[PDB]
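Student: structure-v8.cif is the file, holding mmCIF, N, CA and C atoms and all ligand atoms:
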data_structure
loop_
_atom_site.label_atom_id
_atom_site.label_comp_id
_atom_site.auth_asym_id
_atom_site.auth_seq_id
_atom_site.Cartn_x
_atom_site.Cartn_y
_atom_site.Cartn_z
N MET A 43 -27.15 37.49 -41.24
CA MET A 43 -28.19 37.05 -40.26
C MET A 43 -27.39 36.33 -39.13
N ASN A 44 -27.89 36.36 -37.89
CA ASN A 44 -27.45 35.35 -36.87
C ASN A 44 -27.76 33.93 -37.40
N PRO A 45 -26.95 32.94 -36.99
CA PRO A 45 -27.32 31.53 -37.24
C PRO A 45 -28.53 31.14 -36.34
N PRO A 46 -29.24 30.05 -36.71
CA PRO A 46 -30.24 29.57 -35.75
C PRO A 46 -29.51 29.08 -34.49
N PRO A 47 -30.21 29.09 -33.35
CA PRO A 47 -29.57 28.59 -32.13
C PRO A 47 -29.21 27.09 -32.20
N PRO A 48 -28.36 26.60 -31.26
CA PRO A 48 -28.04 25.16 -31.25
C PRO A 48 -29.32 24.33 -31.06
N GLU A 49 -29.31 23.10 -31.57
CA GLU A 49 -30.37 22.09 -31.34
C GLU A 49 -30.54 21.82 -29.86
N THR A 50 -31.80 21.69 -29.42
CA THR A 50 -32.04 21.51 -28.00
C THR A 50 -32.96 20.31 -27.73
N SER A 51 -33.57 19.75 -28.78
CA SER A 51 -34.46 18.61 -28.57
C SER A 51 -34.21 17.71 -29.74
N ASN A 52 -34.12 16.41 -29.51
CA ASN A 52 -33.85 15.50 -30.60
C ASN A 52 -34.66 14.26 -30.27
N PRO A 53 -35.69 13.96 -31.11
CA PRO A 53 -36.69 12.95 -30.71
C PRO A 53 -36.15 11.50 -30.78
N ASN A 54 -35.04 11.34 -31.50
CA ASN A 54 -34.36 10.08 -31.83
C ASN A 54 -33.21 9.68 -30.84
N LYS A 55 -32.97 10.51 -29.82
CA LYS A 55 -32.01 10.17 -28.75
C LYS A 55 -32.77 9.55 -27.59
N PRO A 56 -32.19 8.51 -26.91
CA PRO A 56 -32.75 7.89 -25.69
C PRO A 56 -32.66 8.87 -24.55
N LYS A 57 -33.54 8.68 -23.59
CA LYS A 57 -33.69 9.59 -22.51
C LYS A 57 -33.47 8.92 -21.18
N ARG A 58 -32.78 9.57 -20.28
CA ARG A 58 -32.71 9.10 -18.88
C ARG A 58 -32.61 10.25 -17.87
N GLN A 59 -33.03 9.96 -16.66
CA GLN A 59 -32.77 10.82 -15.49
C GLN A 59 -31.56 10.25 -14.74
N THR A 60 -30.63 11.09 -14.29
CA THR A 60 -29.51 10.60 -13.48
C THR A 60 -29.33 11.63 -12.40
N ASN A 61 -28.62 11.23 -11.32
CA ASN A 61 -28.32 12.14 -10.19
C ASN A 61 -27.61 13.39 -10.67
N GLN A 62 -26.61 13.16 -11.50
CA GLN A 62 -25.74 14.19 -12.01
C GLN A 62 -26.56 15.14 -12.90
N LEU A 63 -27.34 14.60 -13.84
CA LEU A 63 -28.13 15.55 -14.73
C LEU A 63 -29.12 16.39 -13.96
N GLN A 64 -29.79 15.79 -12.96
CA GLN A 64 -30.68 16.51 -12.13
C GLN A 64 -30.00 17.68 -11.42
N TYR A 65 -28.81 17.39 -10.89
CA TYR A 65 -28.04 18.36 -10.11
C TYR A 65 -27.59 19.52 -11.03
N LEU A 66 -27.17 19.13 -12.23
CA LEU A 66 -26.77 20.11 -13.27
C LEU A 66 -27.89 21.15 -13.53
N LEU A 67 -29.15 20.70 -13.61
CA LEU A 67 -30.23 21.62 -13.86
C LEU A 67 -30.65 22.35 -12.62
N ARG A 68 -30.82 21.63 -11.52
CA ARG A 68 -31.52 22.20 -10.35
C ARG A 68 -30.55 23.02 -9.48
N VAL A 69 -29.25 22.70 -9.53
CA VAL A 69 -28.27 23.41 -8.75
C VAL A 69 -27.31 24.20 -9.66
N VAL A 70 -26.66 23.57 -10.63
CA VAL A 70 -25.55 24.27 -11.29
C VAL A 70 -26.12 25.37 -12.19
N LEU A 71 -26.99 24.99 -13.11
CA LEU A 71 -27.61 25.99 -14.00
C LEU A 71 -28.34 27.12 -13.19
N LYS A 72 -29.09 26.74 -12.17
CA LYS A 72 -29.77 27.74 -11.34
C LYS A 72 -28.83 28.77 -10.70
N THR A 73 -27.72 28.27 -10.20
CA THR A 73 -26.77 29.12 -9.44
C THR A 73 -26.06 30.09 -10.39
N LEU A 74 -25.67 29.54 -11.55
CA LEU A 74 -24.99 30.37 -12.54
C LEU A 74 -26.00 31.40 -13.13
N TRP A 75 -27.22 30.96 -13.45
CA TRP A 75 -28.26 31.88 -13.99
C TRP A 75 -28.41 33.13 -13.17
N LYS A 76 -28.35 33.02 -11.83
CA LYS A 76 -28.60 34.14 -10.93
C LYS A 76 -27.41 34.99 -10.62
N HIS A 77 -26.24 34.63 -11.18
CA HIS A 77 -25.04 35.37 -10.86
C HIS A 77 -25.14 36.74 -11.53
N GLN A 78 -24.54 37.74 -10.90
CA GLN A 78 -24.59 39.11 -11.44
C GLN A 78 -23.94 39.22 -12.85
N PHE A 79 -23.03 38.30 -13.14
CA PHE A 79 -22.36 38.27 -14.48
C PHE A 79 -23.03 37.38 -15.55
N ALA A 80 -24.16 36.79 -15.23
CA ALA A 80 -24.75 35.79 -16.12
C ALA A 80 -25.37 36.32 -17.36
N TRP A 81 -25.96 37.53 -17.30
CA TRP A 81 -26.85 37.96 -18.42
C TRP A 81 -26.27 37.95 -19.85
N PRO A 82 -24.95 38.24 -20.03
CA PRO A 82 -24.46 38.14 -21.40
C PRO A 82 -24.33 36.72 -21.93
N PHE A 83 -24.48 35.75 -21.04
CA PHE A 83 -24.34 34.30 -21.33
C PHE A 83 -25.67 33.55 -21.31
N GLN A 84 -26.78 34.27 -21.10
CA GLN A 84 -28.08 33.61 -20.92
C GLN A 84 -28.79 33.26 -22.22
N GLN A 85 -28.37 33.85 -23.32
CA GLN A 85 -29.01 33.53 -24.64
C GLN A 85 -27.89 33.53 -25.64
N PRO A 86 -28.15 33.04 -26.88
CA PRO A 86 -27.04 33.03 -27.83
C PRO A 86 -26.50 34.43 -28.09
N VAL A 87 -25.22 34.55 -28.47
CA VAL A 87 -24.67 35.88 -28.79
C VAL A 87 -25.39 36.41 -30.03
N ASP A 88 -25.95 37.59 -29.85
CA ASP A 88 -26.76 38.22 -30.95
C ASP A 88 -25.81 39.18 -31.63
N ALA A 89 -25.10 38.65 -32.61
CA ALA A 89 -24.04 39.37 -33.33
C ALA A 89 -24.61 40.54 -34.18
N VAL A 90 -25.88 40.45 -34.59
CA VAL A 90 -26.55 41.54 -35.29
C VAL A 90 -26.76 42.69 -34.29
N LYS A 91 -27.39 42.40 -33.15
CA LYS A 91 -27.71 43.41 -32.15
C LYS A 91 -26.42 44.07 -31.68
N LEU A 92 -25.36 43.29 -31.53
CA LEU A 92 -24.12 43.87 -30.97
C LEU A 92 -23.20 44.46 -32.02
N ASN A 93 -23.60 44.42 -33.28
CA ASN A 93 -22.71 44.84 -34.34
C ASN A 93 -21.34 44.12 -34.25
N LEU A 94 -21.38 42.80 -34.14
CA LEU A 94 -20.17 42.00 -34.16
C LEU A 94 -20.16 41.03 -35.34
N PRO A 95 -20.05 41.56 -36.58
CA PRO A 95 -20.19 40.68 -37.76
C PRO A 95 -19.20 39.54 -37.94
N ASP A 96 -18.10 39.57 -37.22
CA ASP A 96 -17.17 38.50 -37.25
C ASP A 96 -17.36 37.39 -36.19
N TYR A 97 -18.35 37.52 -35.30
CA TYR A 97 -18.48 36.59 -34.18
C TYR A 97 -18.64 35.22 -34.71
N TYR A 98 -19.60 35.04 -35.68
CA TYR A 98 -19.86 33.70 -36.16
C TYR A 98 -18.98 33.28 -37.32
N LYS A 99 -18.02 34.13 -37.64
CA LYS A 99 -16.90 33.78 -38.52
C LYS A 99 -15.79 33.09 -37.72
N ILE A 100 -15.67 33.48 -36.44
CA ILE A 100 -14.64 33.06 -35.51
C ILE A 100 -15.14 31.89 -34.66
N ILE A 101 -16.38 32.01 -34.13
CA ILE A 101 -16.99 31.02 -33.22
C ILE A 101 -17.94 30.12 -33.99
N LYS A 102 -17.48 28.92 -34.18
CA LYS A 102 -18.22 27.98 -35.02
C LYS A 102 -19.01 26.95 -34.22
N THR A 103 -18.75 26.85 -32.90
CA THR A 103 -19.54 26.00 -31.98
C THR A 103 -20.16 26.89 -30.87
N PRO A 104 -21.15 27.71 -31.26
CA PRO A 104 -21.72 28.62 -30.21
C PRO A 104 -22.41 27.83 -29.14
N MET A 105 -22.47 28.43 -27.94
CA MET A 105 -23.14 27.79 -26.81
C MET A 105 -23.44 28.88 -25.82
N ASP A 106 -24.49 28.68 -25.05
CA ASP A 106 -24.92 29.67 -24.06
C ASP A 106 -25.74 28.94 -23.00
N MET A 107 -26.10 29.66 -21.92
CA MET A 107 -26.85 29.00 -20.83
C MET A 107 -28.31 28.75 -21.14
N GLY A 108 -28.89 29.55 -22.04
CA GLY A 108 -30.29 29.33 -22.45
C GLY A 108 -30.40 27.99 -23.15
N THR A 109 -29.46 27.74 -24.02
CA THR A 109 -29.44 26.46 -24.75
C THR A 109 -29.16 25.25 -23.80
N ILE A 110 -28.23 25.41 -22.84
CA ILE A 110 -27.92 24.34 -21.90
C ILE A 110 -29.18 24.00 -21.06
N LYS A 111 -29.86 25.04 -20.58
CA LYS A 111 -31.11 24.84 -19.81
C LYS A 111 -32.11 24.03 -20.63
N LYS A 112 -32.25 24.39 -21.90
CA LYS A 112 -33.18 23.68 -22.74
C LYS A 112 -32.76 22.23 -22.96
N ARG A 113 -31.46 22.01 -23.19
CA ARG A 113 -30.97 20.64 -23.38
C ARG A 113 -31.24 19.79 -22.11
N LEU A 114 -30.99 20.37 -20.93
CA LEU A 114 -31.24 19.64 -19.71
C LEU A 114 -32.73 19.32 -19.54
N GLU A 115 -33.59 20.29 -19.76
CA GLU A 115 -35.05 20.09 -19.54
C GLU A 115 -35.61 19.14 -20.54
N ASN A 116 -35.02 19.08 -21.73
CA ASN A 116 -35.51 18.16 -22.74
C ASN A 116 -34.84 16.80 -22.73
N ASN A 117 -34.05 16.51 -21.69
CA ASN A 117 -33.26 15.23 -21.62
C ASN A 117 -32.39 14.95 -22.87
N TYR A 118 -31.81 16.01 -23.41
CA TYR A 118 -30.99 15.92 -24.54
C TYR A 118 -29.66 15.23 -24.26
N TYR A 119 -29.14 15.34 -23.03
CA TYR A 119 -27.88 14.68 -22.74
C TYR A 119 -28.16 13.34 -22.02
N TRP A 120 -27.42 12.31 -22.42
CA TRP A 120 -27.41 11.02 -21.71
C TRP A 120 -26.36 11.03 -20.62
N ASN A 121 -25.19 11.57 -20.95
CA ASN A 121 -24.09 11.63 -19.99
C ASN A 121 -23.94 13.06 -19.43
N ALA A 122 -23.74 13.19 -18.12
CA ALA A 122 -23.35 14.52 -17.52
C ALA A 122 -22.18 15.18 -18.23
N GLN A 123 -21.19 14.41 -18.71
CA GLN A 123 -20.06 15.07 -19.36
C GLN A 123 -20.44 15.94 -20.57
N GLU A 124 -21.51 15.56 -21.29
CA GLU A 124 -21.94 16.30 -22.47
C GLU A 124 -22.35 17.71 -22.08
N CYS A 125 -23.01 17.83 -20.93
CA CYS A 125 -23.47 19.10 -20.42
C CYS A 125 -22.30 19.87 -19.93
N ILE A 126 -21.45 19.19 -19.13
CA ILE A 126 -20.19 19.84 -18.69
C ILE A 126 -19.38 20.39 -19.88
N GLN A 127 -19.32 19.63 -20.98
CA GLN A 127 -18.58 20.07 -22.16
C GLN A 127 -19.22 21.35 -22.80
N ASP A 128 -20.57 21.40 -22.76
CA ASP A 128 -21.30 22.60 -23.22
C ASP A 128 -20.97 23.85 -22.41
N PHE A 129 -20.91 23.74 -21.09
CA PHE A 129 -20.50 24.88 -20.23
C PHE A 129 -19.09 25.27 -20.60
N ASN A 130 -18.17 24.30 -20.76
CA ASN A 130 -16.80 24.60 -21.20
C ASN A 130 -16.67 25.28 -22.53
N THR A 131 -17.46 24.87 -23.51
CA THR A 131 -17.50 25.50 -24.79
C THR A 131 -17.97 26.93 -24.64
N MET A 132 -18.94 27.15 -23.77
CA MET A 132 -19.45 28.53 -23.62
C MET A 132 -18.33 29.46 -23.09
N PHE A 133 -17.63 28.98 -22.05
CA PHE A 133 -16.49 29.74 -21.48
C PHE A 133 -15.38 29.95 -22.51
N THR A 134 -14.94 28.88 -23.16
CA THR A 134 -13.83 29.00 -24.10
C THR A 134 -14.16 29.84 -25.32
N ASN A 135 -15.43 29.82 -25.78
CA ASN A 135 -15.83 30.73 -26.84
C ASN A 135 -15.53 32.15 -26.44
N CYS A 136 -15.87 32.49 -25.20
CA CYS A 136 -15.62 33.88 -24.75
C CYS A 136 -14.07 34.20 -24.72
N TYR A 137 -13.29 33.20 -24.30
CA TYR A 137 -11.83 33.40 -24.26
C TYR A 137 -11.23 33.40 -25.63
N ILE A 138 -11.88 32.74 -26.61
CA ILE A 138 -11.33 32.72 -27.96
C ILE A 138 -11.68 33.98 -28.72
N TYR A 139 -12.94 34.44 -28.65
CA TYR A 139 -13.35 35.60 -29.37
C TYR A 139 -12.73 36.88 -28.82
N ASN A 140 -12.61 36.99 -27.50
CA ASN A 140 -12.06 38.23 -26.90
C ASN A 140 -10.58 38.07 -26.55
N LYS A 141 -10.03 38.99 -25.78
CA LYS A 141 -8.58 38.94 -25.49
C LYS A 141 -8.33 38.79 -24.01
N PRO A 142 -7.11 38.31 -23.62
CA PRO A 142 -6.85 38.14 -22.20
C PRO A 142 -7.04 39.45 -21.46
N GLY A 143 -7.68 39.36 -20.28
CA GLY A 143 -7.90 40.58 -19.46
C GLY A 143 -9.10 41.42 -19.87
N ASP A 144 -9.80 41.07 -20.97
CA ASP A 144 -10.97 41.85 -21.36
C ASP A 144 -11.98 41.74 -20.20
N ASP A 145 -12.79 42.76 -19.98
CA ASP A 145 -13.82 42.68 -18.93
C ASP A 145 -14.88 41.56 -19.14
N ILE A 146 -15.30 41.35 -20.38
CA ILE A 146 -16.22 40.26 -20.68
C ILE A 146 -15.59 38.92 -20.40
N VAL A 147 -14.25 38.79 -20.58
CA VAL A 147 -13.49 37.61 -20.23
C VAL A 147 -13.40 37.44 -18.71
N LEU A 148 -13.12 38.50 -17.95
CA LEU A 148 -13.16 38.42 -16.47
C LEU A 148 -14.52 37.97 -15.93
N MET A 149 -15.59 38.33 -16.62
CA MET A 149 -16.97 37.93 -16.24
C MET A 149 -17.13 36.44 -16.52
N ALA A 150 -16.65 35.96 -17.68
CA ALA A 150 -16.65 34.51 -17.92
C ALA A 150 -15.80 33.72 -16.94
N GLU A 151 -14.61 34.26 -16.59
CA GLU A 151 -13.73 33.54 -15.70
C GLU A 151 -14.35 33.36 -14.34
N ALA A 152 -15.09 34.36 -13.90
CA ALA A 152 -15.78 34.31 -12.60
C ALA A 152 -16.89 33.29 -12.61
N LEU A 153 -17.63 33.24 -13.73
CA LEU A 153 -18.69 32.21 -13.85
C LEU A 153 -18.07 30.82 -13.90
N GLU A 154 -16.92 30.71 -14.56
CA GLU A 154 -16.25 29.42 -14.70
C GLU A 154 -15.72 28.93 -13.33
N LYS A 155 -15.17 29.87 -12.54
CA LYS A 155 -14.71 29.49 -11.18
C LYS A 155 -15.87 28.91 -10.31
N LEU A 156 -17.02 29.56 -10.37
CA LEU A 156 -18.21 29.11 -9.69
C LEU A 156 -18.70 27.74 -10.21
N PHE A 157 -18.73 27.61 -11.55
CA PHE A 157 -19.14 26.38 -12.17
C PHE A 157 -18.26 25.24 -11.61
N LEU A 158 -16.93 25.40 -11.62
CA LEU A 158 -15.98 24.36 -11.08
C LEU A 158 -16.25 24.07 -9.63
N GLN A 159 -16.55 25.09 -8.85
CA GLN A 159 -16.90 24.85 -7.45
C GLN A 159 -18.16 23.97 -7.38
N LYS A 160 -19.15 24.21 -8.24
CA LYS A 160 -20.33 23.34 -8.19
C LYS A 160 -20.08 21.95 -8.78
N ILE A 161 -19.23 21.82 -9.78
CA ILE A 161 -18.92 20.52 -10.42
C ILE A 161 -18.13 19.62 -9.45
N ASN A 162 -17.30 20.24 -8.59
CA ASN A 162 -16.60 19.45 -7.55
C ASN A 162 -17.59 18.74 -6.58
N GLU A 163 -18.82 19.25 -6.47
CA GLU A 163 -19.87 18.71 -5.59
C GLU A 163 -20.93 17.91 -6.30
N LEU A 164 -20.62 17.50 -7.53
CA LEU A 164 -21.50 16.64 -8.33
C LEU A 164 -21.71 15.35 -7.54
N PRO A 165 -22.96 14.88 -7.44
CA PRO A 165 -23.12 13.61 -6.73
C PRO A 165 -22.56 12.42 -7.48
N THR A 166 -22.36 11.32 -6.73
CA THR A 166 -21.70 10.11 -7.23
C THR A 166 -22.43 9.48 -8.44
N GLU A 167 -21.70 9.01 -9.45
CA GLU A 167 -22.35 8.29 -10.58
C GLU A 167 -23.03 7.00 -10.15
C1 LIG A 201 -17.89 46.50 -28.31
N1 LIG A 201 -18.62 45.32 -27.71
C2 LIG A 201 -18.18 44.05 -27.56
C3 LIG A 201 -19.16 43.37 -26.95
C4 LIG A 201 -19.18 42.02 -26.61
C5 LIG A 201 -18.07 41.17 -26.82
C6 LIG A 201 -18.05 39.80 -26.53
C7 LIG A 201 -19.21 39.22 -25.91
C8 LIG A 201 -19.26 37.82 -25.58
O1 LIG A 201 -18.30 37.07 -25.76
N2 LIG A 201 -20.38 37.27 -25.01
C9 LIG A 201 -20.45 35.87 -24.70
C10 LIG A 201 -21.51 38.09 -24.80
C11 LIG A 201 -21.52 39.44 -25.08
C12 LIG A 201 -22.75 40.15 -24.76
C13 LIG A 201 -22.67 41.32 -23.93
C14 LIG A 201 -23.86 42.04 -23.59
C15 LIG A 201 -25.13 41.62 -24.06
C16 LIG A 201 -25.21 40.44 -24.87
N3 LIG A 201 -26.47 40.12 -25.28
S1 LIG A 201 -26.75 38.80 -26.17
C17 LIG A 201 -26.53 37.38 -25.09
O2 LIG A 201 -28.19 38.95 -26.62
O3 LIG A 201 -25.86 38.73 -27.34
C18 LIG A 201 -23.99 39.71 -25.24
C19 LIG A 201 -20.36 40.05 -25.65
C20 LIG A 201 -20.31 41.42 -26.02
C21 LIG A 201 -20.17 44.24 -26.71
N4 LIG A 201 -19.85 45.47 -27.16
#
Could you write out this file's structure as C-alpha cells?

Tutor:
Amino acid sequence: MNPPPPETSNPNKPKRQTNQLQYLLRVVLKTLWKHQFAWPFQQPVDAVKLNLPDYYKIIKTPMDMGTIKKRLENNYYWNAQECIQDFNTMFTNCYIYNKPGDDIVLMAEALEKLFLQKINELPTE
C-alpha cells in the first residue's frame, strides 16, 4: 500500500500569522504550483500507480507541494524555516531516489532554482 500522506493539521501546536508564512503561501507556493514542471510534485508520490515499489523503501521522509499547501493553510508551521525545510526535503527526495541528469531530476532542479529566487525575496522577519 502507499503510506498515508504527511500530517498537515495538528490541534496541539500554537498558531501564528507572520510576513514570511503569508508570502510562502501567497507567492512562493502559488508560483511553483503553476510552473510547467510542477505536476509530479503536487501530491504525494503514488508508488502503487507508478509501479515504484521501492520508493517508500528508499524515501522515508516524503514531502510534496500538496502537503506544504495544506500545512501553510492550516498554520502548521510556526517558523518559516520549517516550510523552507519541507520544500528542500521535496527536492532532495527527488535527487535521492533518482540519478544525476535524470529528466525528473532536471524538473526538480528547475523548480528548486525558482524556489531560491523567491526565497531571496522573503520579507524581513
Ligand atoms: C519509470 N518511471 C519513473 C517515474 C518516476 C520517477 C520518480 C518520480 C519522482 O521522484 N517524483 C517526485 C514524481 C514522479 C511522478 C511523475 C509523474 C506523475 C506522478 N504522479 S504522482 C505525484 O501521483 O505520484 C509522479 C516520479 C516518477 C515514472 N515512471

Student: Please identify which residues in stretch 80-136 of chain A DSSP calls alpha helix (DSSP H) from the backbone, and express them as a VMD selection string.

Tutor: chain A and resid 97 to 100 107 to 115 122 to 136

Student: Could the residues in this selection be written to a file with N, CA and C atoms, as a short mmCIF file (atom, residue, chain, number, x, y, z; two decimals), keeping the file's coordinate frame?

Tutor:
data_model
loop_
_atom_site.label_atom_id
_atom_site.label_comp_id
_atom_site.auth_asym_id
_atom_site.auth_seq_id
_atom_site.Cartn_x
_atom_site.Cartn_y
_atom_site.Cartn_z
N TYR A 97 -18.35 37.52 -35.30
CA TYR A 97 -18.48 36.59 -34.18
C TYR A 97 -18.64 35.22 -34.71
N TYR A 98 -19.60 35.04 -35.68
CA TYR A 98 -19.86 33.70 -36.16
C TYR A 98 -18.98 33.28 -37.32
N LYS A 99 -18.02 34.13 -37.64
CA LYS A 99 -16.90 33.78 -38.52
C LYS A 99 -15.79 33.09 -37.72
N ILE A 100 -15.67 33.48 -36.44
CA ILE A 100 -14.64 33.06 -35.51
C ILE A 100 -15.14 31.89 -34.66
N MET A 107 -26.10 29.66 -21.92
CA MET A 107 -26.85 29.00 -20.83
C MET A 107 -28.31 28.75 -21.14
N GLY A 108 -28.89 29.55 -22.04
CA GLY A 108 -30.29 29.33 -22.45
C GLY A 108 -30.40 27.99 -23.15
N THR A 109 -29.46 27.74 -24.02
CA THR A 109 -29.44 26.46 -24.75
C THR A 109 -29.16 25.25 -23.80
N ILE A 110 -28.23 25.41 -22.84
CA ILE A 110 -27.92 24.34 -21.90
C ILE A 110 -29.18 24.00 -21.06
N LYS A 111 -29.86 25.04 -20.58
CA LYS A 111 -31.11 24.84 -19.81
C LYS A 111 -32.11 24.03 -20.63
N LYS A 112 -32.25 24.39 -21.90
CA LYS A 112 -33.18 23.68 -22.74
C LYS A 112 -32.76 22.23 -22.96
N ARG A 113 -31.46 22.01 -23.19
CA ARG A 113 -30.97 20.64 -23.38
C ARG A 113 -31.24 19.79 -22.11
N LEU A 114 -30.99 20.37 -20.93
CA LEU A 114 -31.24 19.64 -19.71
C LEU A 114 -32.73 19.32 -19.54
N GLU A 115 -33.59 20.29 -19.76
CA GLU A 115 -35.05 20.09 -19.54
C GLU A 115 -35.61 19.14 -20.54
N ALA A 122 -23.74 13.19 -18.12
CA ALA A 122 -23.35 14.52 -17.52
C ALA A 122 -22.18 15.18 -18.23
N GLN A 123 -21.19 14.41 -18.71
CA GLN A 123 -20.06 15.07 -19.36
C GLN A 123 -20.44 15.94 -20.57
N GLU A 124 -21.51 15.56 -21.29
CA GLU A 124 -21.94 16.30 -22.47
C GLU A 124 -22.35 17.71 -22.08
N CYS A 125 -23.01 17.83 -20.93
CA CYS A 125 -23.47 19.10 -20.42
C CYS A 125 -22.30 19.87 -19.93
N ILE A 126 -21.45 19.19 -19.13
CA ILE A 126 -20.19 19.84 -18.69
C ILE A 126 -19.38 20.39 -19.88
N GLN A 127 -19.32 19.63 -20.98
CA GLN A 127 -18.58 20.07 -22.16
C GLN A 127 -19.22 21.35 -22.80
N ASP A 128 -20.57 21.40 -22.76
CA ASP A 128 -21.30 22.60 -23.22
C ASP A 128 -20.97 23.85 -22.41
N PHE A 129 -20.91 23.74 -21.09
CA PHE A 129 -20.50 24.88 -20.23
C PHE A 129 -19.09 25.27 -20.60
N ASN A 130 -18.17 24.30 -20.76
CA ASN A 130 -16.80 24.60 -21.20
C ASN A 130 -16.67 25.28 -22.53
N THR A 131 -17.46 24.87 -23.51
CA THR A 131 -17.50 25.50 -24.79
C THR A 131 -17.97 26.93 -24.64
N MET A 132 -18.94 27.15 -23.77
CA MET A 132 -19.45 28.53 -23.62
C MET A 132 -18.33 29.46 -23.09
N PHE A 133 -17.63 28.98 -22.05
CA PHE A 133 -16.49 29.74 -21.48
C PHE A 133 -15.38 29.95 -22.51
N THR A 134 -14.94 28.88 -23.16
CA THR A 134 -13.83 29.00 -24.10
C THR A 134 -14.16 29.84 -25.32
N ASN A 135 -15.43 29.82 -25.78
CA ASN A 135 -15.83 30.73 -26.84
C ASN A 135 -15.53 32.15 -26.44
N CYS A 136 -15.87 32.49 -25.20
CA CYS A 136 -15.62 33.88 -24.75
C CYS A 136 -14.07 34.20 -24.72
#

Student: Calculated over all atoms listed in the file, which of the candidates A:51, A:64, A:162, A:127 has the smallest distance to residue A:112?

Tutor: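 Among A:51, A:64, A:162, A:127, it is A:51 that comes nearest to residue A:112.
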
Student: Could you state the separation of atom CA of residue A:44 and atom CA of residue A:75 in Å, given to one decimal place?

Tutor: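 Computing the Euclidean distance for atom CA of residue A:44 and atom CA of residue A:75 yields 23.2 Å.
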
Student: Between A:130, A:54, A:84, A:60, which residue has the minimum interatomic distance to residue A:161, considering only C-alpha atoms?

Tutor: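 Among A:130, A:54, A:84, A:60, it is A:130 that comes nearest to residue A:161.
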
Student: Have a look at atom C12 of ligand LIG 201 (chain A) and atom N of residue A:159 and let me know their distance in Å, one decimal.

Tutor: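 Calculated distance between atom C12 of ligand LIG 201 (chain A) and atom N of residue A:159 is 22.8 Å.
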
Student: What does the distance between atom C of residue A:116 and atom CA of residue A:62 come to in Å, to one decimal place?

Tutor: 14.3 Å

Student: Using only C-alpha atoms, which residue out of A:115, A:145, A:151, A:106 lies closest to residue A:65?

Tutor: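 Under the stated criterion, the closest residue is A:115.
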